[PDB]
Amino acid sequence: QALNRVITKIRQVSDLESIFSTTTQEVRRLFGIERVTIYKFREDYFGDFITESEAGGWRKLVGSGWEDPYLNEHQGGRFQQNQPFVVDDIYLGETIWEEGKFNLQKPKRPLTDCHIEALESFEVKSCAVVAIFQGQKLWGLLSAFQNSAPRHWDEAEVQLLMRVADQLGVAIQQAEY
């Protein structure tokens, strides 16, 4: 039902920029969180923030880039396999995702300190990040951020985010057509 609302809003506009803005706004409102971003990969899997919806008086990320050396060296990393990156608390680590769900038997995996520092540089304290695919080409990332506090991500939220990213990818594909 939440997904149907998002898809309805996405298809009630025509151009890709309106689709991006509506998408980030609707995801941010639905999750009641502080930032949702659409991030576009460059050819080297560095990338730039294209659209954002923020709430709570945070710095704007649109216009800025994040040049992640790991994503560059691994050409998009786990996102080439459409695995999400789910971190309730950037200081405690990621929730293990296996067979399309959380592995509740595994402890959280701490992040590398320079990754944590990059996230701090973007004012992030919690992140759920999923791939945007244009066809089978990895195009970018859809990120849900909490800035003021950790936030618990459940698997239904990550699945929703992935379905929204599917819709974004379809919109990008149709715009490129």
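Note that residue numbering follows the sequence shown and begins at 1.
In this entry, 5-13 shows the higher mean Cα temperature factor of the pair 5-13 and 18-26. Here 108-116 and 137-145 are compared by their mean Cα B-factor, and 108-116 comes out higher. In this PDB entry, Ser64 carries a Cα temperature factor that places it within the highest third of its chain's modelled residues.
Residue-level temperature factors show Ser126 in the lowest third of its chain, judged at the C-alpha atom. Ranked by Cα temperature factor within the chain, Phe41 sits in the lowest third according to the deposited record. Placement of the Cα temperature factor of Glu99 within the chain: middle third of the modelled residues, per the deposited record. In the PDB entry, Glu73 places in the highest third of its chain by CA B-factor.
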